[PDB]
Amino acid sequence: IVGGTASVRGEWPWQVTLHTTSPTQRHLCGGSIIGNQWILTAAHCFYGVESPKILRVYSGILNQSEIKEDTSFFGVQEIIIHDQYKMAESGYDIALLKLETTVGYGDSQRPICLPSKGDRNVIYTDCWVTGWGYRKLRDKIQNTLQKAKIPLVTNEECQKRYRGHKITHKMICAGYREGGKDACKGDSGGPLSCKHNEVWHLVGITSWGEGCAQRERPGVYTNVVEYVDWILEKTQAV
């Protein structure tokens, strides 16, 4: 996160850190708890990932230093990638992780609500991007979960900012015209959380941008409201 500040413990209880175990253990991507055995994240996180066996999901983490060999985690039973996904810049950048065990909900780990189909017509004015990613292009993963408040940008304005790309309504953009606040390397897969009528909604999944926090380069997120039926198809399968 560029231009953010330290989160407080329990502030983003749906935020997870997804770690890879091969060749050595390290943070891979962010993610969001959406159900007691479900993590919603970005499809591009699994590039080269040949098996769910190398994945570890940690919930209830403020600091990456809380993670050692004796720290409990959730194993991943299955990686579900949207089957229209090709690359982050073309959209469909969404994936689900089916956990091997159930998350016990508490004040440290709980799910974020998905947006409603009717809420597609609502204007969100209180949106935050969170993660352990870089503070600038050449940096390192941060120990403490960071947060940054960012305004949503219309599809028309985002398309103006990305000449040469096709910004679809399945993407949602966020950033200041002058830049300064954004997601950066290591934040992808994490949430873009918006508070509406005292309820937090998972509005976006951190996907891509041209550089980090640059002037007139909004962050591009998977527009979660456009995938509610796809998520329900995969998580509510009979």
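A residue's number is simply how far along the shown sequence it sits, counting from 1.
Asks: Do the C-alpha atoms of 91 to 99 or of 153 to 161 have the higher average B factor in the entry?
Replies: The deposited B-factors put 153 to 161 ahead on the C-alpha mean.
Asks: Look up the CA B-factors in the entry and say which stretch, 22 to 30 or 201 to 209, has the higher mean.
Replies: The stretch with the larger average C-alpha B-factor is 22 to 30.
Asks: By the CA temperature factor listed in this entry, which of these ranks top: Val129, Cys113, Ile81, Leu145?
Replies: By C-alpha B-factor in the record, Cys113 ranks first.
Asks: Once the chain's modelled residues are ordered by C-alpha B factor and cut into thirds, is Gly186 in the lowest, middle or highest one?
Replies: It falls in the bottom third of the chain.
Asks: Ranked by Cα temperature factor within the chain, is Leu62 in the lowest third, the middle third or the highest third?
Replies: Bottom third by C-alpha B-factor.
Asks: Check where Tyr176 lands among this chain's C-alpha B-factors and tell me if it's the lowest, middle or highest third.
Replies: Highest third - that is where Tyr176 ends up once the chain's C-alpha B-factors are sorted.
Asks: Select lowest, middle or highest to describe the third in which the CA B-factor of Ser51 falls within its chain in this entry.
Replies: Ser51: CA B-factor falls in the highest third of its chain.
Asks: In terms of the chain's CA B-factor thirds, is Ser72 lowest, middle or highest?
Replies: It belongs to the lowest third of the chain when residues are ordered by C-alpha B-factor.
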